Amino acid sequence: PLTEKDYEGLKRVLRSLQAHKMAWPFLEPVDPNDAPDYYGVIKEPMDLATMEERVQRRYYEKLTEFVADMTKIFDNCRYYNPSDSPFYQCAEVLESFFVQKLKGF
């Protein structure tokens, strides 16, 4: 499974996404005042602060579980927003960055 060395890598990946200029819509759980009907559209929300809590609590047993949470952030964004939205493009850019960082493992 995941070792403590693995978790050091997970935290570094998470921090690199949190510092990215296009991560700002994903840093915290969506405030419904920022996204009308968001929680009527998105049935399984996820955000980077929730992922940080899960990393710190050693919630993940496998790398696939960490990657699934991250992918949910991007999939939720592209489902909720039209493809010409700046928010949708944030997900496209940040997922490309994330997938490249994952190759470093």
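Basically, rigid core = biggest C-alpha set you can superpose within 1.5 Å across the two forms. For every residue, the number given is its place in the sequence shown, counted from 1.
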Stretch 33 to 41 versus stretch 71 to 79: after rigid core alignment, which one is farther off in C-alpha RMS in 9 other deposited structures of this protein?
33 to 41
Going by the entry, of stretches 73 to 81 and 51 to 59 the one with greater average Cα B-factor is 51 to 59
Looking at the deposited entry, does 96 to 104 or 1 to 9 carry the larger mean Cα B-factor?
1 to 9
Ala68's Cα B-factor: lowest, middle or highest third of the chain?
middle
Thinking about Cα B factors across the chain, which third does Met46 belong to?
middle
